[PDB]
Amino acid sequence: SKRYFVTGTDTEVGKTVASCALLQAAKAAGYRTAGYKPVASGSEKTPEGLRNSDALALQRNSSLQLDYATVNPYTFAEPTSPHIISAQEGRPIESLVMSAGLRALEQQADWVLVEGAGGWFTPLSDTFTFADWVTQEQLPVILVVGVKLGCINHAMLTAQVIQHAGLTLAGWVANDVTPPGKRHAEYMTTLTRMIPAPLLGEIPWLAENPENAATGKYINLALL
């Protein structure tokens, strides 16, 4: 079944918004979809335990009705690097558990999207990063680029490292994190030339609740 890992040029660049757009587009194409956020930090308390907003957005945007834990096995309240809070709370993040969770979603979905945490190299322990897991799984990677000053360097750095790891950069998504700026078009042309992967689509600047905006239309799944 189809599976993709979604990373970003940094934390807060739009991985979640783009992932929802990707999920909506797959559903529109006829796929039985599932979003997976194996490791999450920055979560709120609820009667059922801790709940992460990214995990909730991916869960809502999946065509299948999924249990929270199936979408997000590891939930930490504090919004910091996974490895720091995991060590402080004494709750190890295990590659095997993250991989088991992906297989579990594949029991019912034929199109799975995996959102990472932060950027490419976000640590999970003192000796293991998210990149290590993505490489282990041999997941094709989709790069979400928040269009802003500094994004060219970050996109280039991330694309080079992904390719070096022997992984496939399946595509990139341009996300308009802010209203139209002076050099928007020039940045889009530069990004298009430099990222060795197809531009899947561009998500407009959607001020109000973009996680729940109908954004699937901005993604051309046939380029993936």
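When you see a residue number, it is the position in the sequence shown, counting from 1. Superpose the two forms; the largest set of C-alphas matching within 1.5 Å is the rigid core.
### Message
Once everything is fitted on the core, do the CA positions of 7-15 or those of 196-204 lie farther from the shown form in 8 other deposited structures of this protein?
### Response
Farther from the shown form on average in 8 other deposited structures of this protein: 7-15.
### Query
Mean C-alpha B-factor higher for 28-36, or for 58-66?
Averaged over C-alpha atoms, the B-factors run higher in 58-66.
### Task
Decide which of the stretches 102-110 and 81-89 has the higher mean C-alpha B-factor, going by the entry.
It is 102-110.
### Query
For the listed residues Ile195, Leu167, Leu50, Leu157, which one has the largest C-alpha B-factor as given in the deposited model?
It is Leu167.
### Task
Return the residue from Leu200, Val17, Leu23, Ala214 that has the highest Cα B-factor in the entry.
So the option with the highest C-alpha B-factor is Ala214.
### Third assignment of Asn153 from its chain's C-alpha B-factors
As the PDB entry reports it, the C-alpha B-factor of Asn153 lands in the lowest third of its chain.
### Query
Looking at the C-alpha B-factor of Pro123, is it in the lowest, middle or highest third of its chain?
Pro123: CA B-factor falls in the lowest third of its chain.
### Task
Taking the chain's C-alpha temperature factors as the reference, tell me which third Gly171 falls into: lowest, middle or highest.
Its C-alpha B-factor, which the entry lists for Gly171, ranks in the lowest third among residues of this chain.
### Query
According to the PDB entry, is the CA B factor of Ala131 in the bottom, middle or top third of its chain, that is, lowest, middle or highest?
CA B-factor rank for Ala131: lowest third.
### Query
How does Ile142 rank on Cα B-factor within its chain, lowest, middle or highest third?
Lowest third of the chain for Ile142's C-alpha B-factor.
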